[PDB]
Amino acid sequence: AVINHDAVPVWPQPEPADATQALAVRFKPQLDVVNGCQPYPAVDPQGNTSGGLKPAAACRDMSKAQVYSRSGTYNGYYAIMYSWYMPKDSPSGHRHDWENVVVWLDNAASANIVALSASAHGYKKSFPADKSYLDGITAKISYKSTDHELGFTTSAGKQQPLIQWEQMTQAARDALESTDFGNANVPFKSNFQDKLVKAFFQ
């Protein structure tokens, strides 16, 4: 069920069990939280989910940091979607926030970044990928309200422990599929392919 936002444990990053999981670890992006909440854990292995916060002192604890990913393919390219949960999106807003960036690769072996798509109010798209947004192969993402949205940045960011959709318990996947996050939507549940279509760079 729903538990207190600050009581959801950080899911430790496991060793990658296969090449899908190792690749998502390798391309884990950096996030520069300019304003608003830090990323928090949204789900635990029993399928309890975050109750969020009613619309930053309650969502600034760096020890709660977490990032999610799901991998797949679309239209001949390889996609790794990285997603963050924030307990609220309140520029002065609503309970819960789900944001995601898609790192597009030509294929999972060559693993050349061909484009980046960042969620915003649709998707901002950097295609061909602007190298000033990459630290090596590490995309530099911002989280900022001017609603809080993702964007690309040249500023260095921070990283979080990654738990992948492919590494979660079934209870956690079921909870992410079924839970009402209100104005926010999990972008890597059964809508994953639909979101990749919207993120696609043409």
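A residue's number is simply how far along the shown sequence it sits, counting from 1.
- Gap check for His121 to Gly122: 1 to 3 deposited residues are absent from the model.
- Relative to its counterpart among 165-173 and 130-138, 130-138 has the higher mean temperature factor, C-alpha atoms as listed in the PDB entry.
- Looking only at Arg26, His148, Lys64, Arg70, the residue with the top Cα B factor in the deposited structure is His148.
- For the set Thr49, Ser155, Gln46, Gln38, the maximum C-alpha B-factor listed in the entry falls on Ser155.
- Ranked by Cα temperature factor within the chain, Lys125 sits in the highest third according to the deposited record.
- Per the deposited record, the Cα B-factor of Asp97 falls in the lowest third when ranked against the other modelled residues of its chain.
- When the CA B factors of the chain's modelled residues are split into thirds, the value for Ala1 lands in the highest one.
- Ranked by Cα temperature factor within the chain, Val8 sits in the lowest third according to the deposited record.
- Per the deposited record, the Cα B-factor of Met81 falls in the lowest third when ranked against the other modelled residues of its chain.
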